[PDB]
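Sequence lines set the chain letters: A, B, ... in the order given, protein chains first and strands last, and positions in each chain run from 1. Just so it is clear, the values below take in all heavy atoms, side chains as well, and ignore hydrogens, waters and symmetry mates. Counting starts at 1 for both ligands and their atoms, in listed order.
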Amino acid sequence: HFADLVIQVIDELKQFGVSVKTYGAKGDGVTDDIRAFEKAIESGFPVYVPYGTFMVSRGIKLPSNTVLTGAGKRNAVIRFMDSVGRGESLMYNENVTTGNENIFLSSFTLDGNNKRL
Amino acid sequence: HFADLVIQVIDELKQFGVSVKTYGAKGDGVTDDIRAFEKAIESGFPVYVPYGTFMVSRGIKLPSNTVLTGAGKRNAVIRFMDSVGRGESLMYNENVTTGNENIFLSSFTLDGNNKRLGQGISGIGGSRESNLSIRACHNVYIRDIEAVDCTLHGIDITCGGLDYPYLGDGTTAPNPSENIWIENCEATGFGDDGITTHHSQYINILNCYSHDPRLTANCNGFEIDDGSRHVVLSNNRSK
Amino acid sequence: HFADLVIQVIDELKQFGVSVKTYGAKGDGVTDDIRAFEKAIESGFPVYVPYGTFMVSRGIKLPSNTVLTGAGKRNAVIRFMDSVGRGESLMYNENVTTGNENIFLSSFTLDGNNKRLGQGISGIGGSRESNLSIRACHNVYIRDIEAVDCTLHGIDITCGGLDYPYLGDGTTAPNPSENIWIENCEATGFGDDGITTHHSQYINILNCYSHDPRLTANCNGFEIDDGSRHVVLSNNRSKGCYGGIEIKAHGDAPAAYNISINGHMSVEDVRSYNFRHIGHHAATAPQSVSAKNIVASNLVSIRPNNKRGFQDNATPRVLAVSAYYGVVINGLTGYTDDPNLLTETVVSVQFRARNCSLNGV
Ligand SMILES: [Co+2]
Ligand SMILES: [Co+2]
Ligand SMILES: [Co+2]
Ligand SMILES: [Co+2]
């Protein structure tokens, strides 16, 4: 509970923008973090992905005016879960038909977990 | 939120027992703190009342094996709210008919807020509406309690039942209180008596001060009344 | 770890003095807290005992200039562990032979856990195994202490030494306790006496309650015993004991002398007020040279009886005086509602009692 209060302060500082962990991401190689990504991305703030393997049960959709930056390749890693079915890219812009604008993506690994199939 | 975490730690230390503020008491002279008192008292721990005026919308009922201690007279103050109706003493033991045991009360003020009813008013019937009423109890220690603006009595020790029994001369009422100690208490501004005993035995009243009744009837400082027996009074003052 | 830091700050504030919990006390009814008590007590600070049942594997020894205060009776509770052996009072001053000074004890329960030994057991020898024992001490204030399930006595004030000395009539034992105040204390479930004094002087016992001994021998509420002198008892109550207030000595000891009873209430004791000097009652014995001066006033005795069989069914009394010279009784009320409880003599002045006066009975 003390640590949670300290974390709350850090998160309010927004040193990188907003961390996905602020919205509940675990980045533990097991937990489904898709909702945290969606929440962070819809918040309007630049989004930061810190160290971890962030498991996702569906594709991460990017709206216009998105800044998504990680701690780096093989540091911030985004990965499809074993149970994901067919049909989606791991990461793609929201409006598939007429598109989006101003998307800035930096410094992370995308692991499509093709192995699972 | 930080202060709340600090408070949580203090409360877990239980330096006095459990504070009523731990259970949500404000002690601000306005907020109804009755639920906090009830919760604290039912917890099984000795209960502490710190500085404040703790407003209560109904009587505080005491079960057996209760320790209730305050920060002191005119420091910890317990008070009926303006909107309280008729029929209850401010503080009394839970089992009104066959009584309770082992109740230890120390170091606070009981303000019955009789004022709220208008002037000239006394108890609605029998032993109802004292600041403190002890009925059919064994082993009760009452120390350093100040009882003010009382509707009926300041402190009343009686047998079981809300009413006083009238069974005739040469009788003994059922369910006496027994083994009672009243020490360093003050009673004032009462409607009947400051400190009084009925149908009860083995009582010591020591170093107490009972003065200035509100009313003008049979209003006595110390009234050792119907059915009392085996009582010592020593070094008290009445005025 | 955060809570520990907060606690550290609180402890540094020293709002009561130093808490025993600061030195590692748990007060959980299970953990041995003796080391925390010893550390706190040796620190030089006033010691505070907060809410809890603080278990102890050996007696708590008190040095000079000790302040030990609790959160209150049945709030702060100090208790012998089940596994404790024989020989120690629960709490007592460090220097058993020549004593200590300036000890101030307030607001806690002492539970001697006599139960742990099986039933029917009393002290192993002399003054050993009371809940609280004060030996050869000067300036001791004992307030708001509840003493329960006691092996020997609840509270005992005595001279130096673990044993009680038997030096003969007309003597004064070395190393008395002196300047003692016992107020608002309760003693119950003891093996011998609730509150008792020996070979000590200048003592006030005020507003205390001693009742219901475990055993059935000479088990008295207040026993002003061998070598006592210059004692005032006032506004105390005794219940369900053999003697309510006993003032006496055993044979081969000097009787208590110059004792004042300024009001007492005795409820269902056998002999409410029992003043005597064993060895100095027979017509052919020497007169006691020590049994002198008792002034006792505003005495209440209620339903004296021997339903419990104390002292081999000794016969009940409101008042029994023997051996003593110069006993002045003023304002005595004895009351019963059962004519079959006391059947021999209500008040006796016999067995070498002399120069006695009864007024207002
Ligand atoms: Co009256
Ligand atoms: Co009355
Ligand atoms: Co004895
Ligand atoms: Co003795």
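- Below 30°, between 30° and 60°, or above 60°: for C:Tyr257 and C:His230 the angle between ring planes is above 60°, a perpendicular geometry.
- Pairing each heavy atom of B:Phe80 with each of B:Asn113, the nearest pair is O-OD1, 3.0 Å.
- In this structure, C:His199 has no ring-ring contact (aromatic ring centres under 6.0 Å, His included) partners at least two apart in sequence or on a different chain.
- Of all protein atoms, those that are N, O or S and lie under 2.8 Å from the Co ion (ligand 3) total 5.
- Closest non-hydrogen pair, B:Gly221 versus B:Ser238, comes out as CA-CB, 4.5 Å.
- Counting only distance, with no hydrogens or angles, the side chain of C:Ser348 and the backbone of C:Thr345 share no donor-acceptor pair below 3.5 Å.
- Looking at C:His198, its N, O or S atom nearest to the Co ion (ligand 4) turns out to be NE2.
- By the 30° and 60° cut-offs, the orientation of the rings of C:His211 relative to C:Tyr209 is parallel.
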